[PDB]
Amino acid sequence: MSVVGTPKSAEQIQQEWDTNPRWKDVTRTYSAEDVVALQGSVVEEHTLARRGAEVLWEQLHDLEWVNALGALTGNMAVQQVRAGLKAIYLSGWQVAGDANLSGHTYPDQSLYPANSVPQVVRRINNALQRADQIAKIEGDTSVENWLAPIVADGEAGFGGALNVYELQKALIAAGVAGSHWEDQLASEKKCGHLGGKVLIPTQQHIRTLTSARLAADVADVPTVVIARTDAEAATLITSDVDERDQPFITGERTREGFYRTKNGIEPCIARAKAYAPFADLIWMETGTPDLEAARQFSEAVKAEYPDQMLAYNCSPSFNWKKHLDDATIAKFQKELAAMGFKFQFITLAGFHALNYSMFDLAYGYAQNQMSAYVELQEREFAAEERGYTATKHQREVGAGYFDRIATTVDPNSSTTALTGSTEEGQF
């Protein structure tokens, strides 16, 4: 028949795990033969997941740090990369608020359908691919890599280890470069800066990270796996079964049967160390933007795992100027990078950028009608020396690219779009 997509043998997988530096301090408690046993007789190639994960991993080592902003539409990711950024962050909060498959607006509590983040990963890749296609026919080489790696939110996995597995597999099918997984109970998941957070036992989250790595291995892509702990603020945990969690149990219980637990940096450091063999990066959620609390967490973890890369949420859920002055804000990311926070991200940047700009425009328009919009259009013209291109919305969205398709099919077509447009005539 055909040999397309034949899976590798267990031995070839094993040699890769033994010799490739990518897997240096990666623990897999399953075997290579286990991976092959799950792959069927055909392995689909996942081009964008492979390329993204590779590029992300190199970047995490070659750059002083990799930073990103949350993107919830395709055009958002295109502008992030046009503006120079080298990675995209796919916030689950933002998907909950304004981009999930239920169509509803939700708080950040794993309420939306579990395939919602994968769909947005696919959307962002499609949008980047379109900018890449448009840049090629225009000879625009100002952007080196349109296909920036995407790091996406797996939340608490929407259930057990098998829901984790399927989420990761879907994320990879959509072309994700990395994914993060937090040690909360899925059925009570919260934004790390909301209350009512409930942890799961340390070993249960190790199962989740093992499942996330298994799905990437079965899919044969080196996806970046990020472990997040919410132990800094959570005062509840589902069980005391795990001996590593028992030191923090207080004995008090809730009507639901949850266990009260002592929160803070101490559970966070211990969970980071338990997750380290199972995590390419480690992220601890914090209550404030504090370089000193971050140094304290960082140093402890590298004390046992010196090569362990970390990740930091520069969260809009912090009132930044209530806590830091302008000098500290301006150095914040650079300082974190020195401590080993190699991936830093503003989770809700898209939500705030979108909501503020539309309120600003709409309130102007409610008072001044067209004068309000022309101010925006003039700001857009001005931004073109900075590299902005979306003022010409027709080309920005592919009109010239689909013209090229139409003339490739029929060079004499009288129904192409850009010729005779007001964009060609006024821009």
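Sequential numbering from 1, following the sequence displayed.
The stretch 137 to 145 shows the higher mean C-alpha B-factor when 90 to 98 is compared against 137 to 145 in the entry. Between 215 to 223 and 324 to 332, it is 324 to 332 that carries the larger average Cα temperature factor according to the deposited entry. Looking at 28, 61, 46, 393, the one whose CA carries the top B-factor in the deposited record is 61. Considering 107, 84, 350, 175 together, the PDB entry gives 84 the largest C-alpha B factor. Compared with the other modelled residues of the chain, the Cα B-factor recorded for residue 342 ranks in the middle third. Among the modelled residues of the chain, residue 295 sits in the highest third by CA temperature factor in this PDB entry. Split the chain's modelled residues into thirds by C-alpha temperature factor. Residue 251 is in the highest one. Sorting the modelled residues of the chain by their CA temperature factor places residue 70 in the middle third. For residue 277, the recorded CA B-factor ranks within the middle third of the chain. Only modelled residues enter the ranking.
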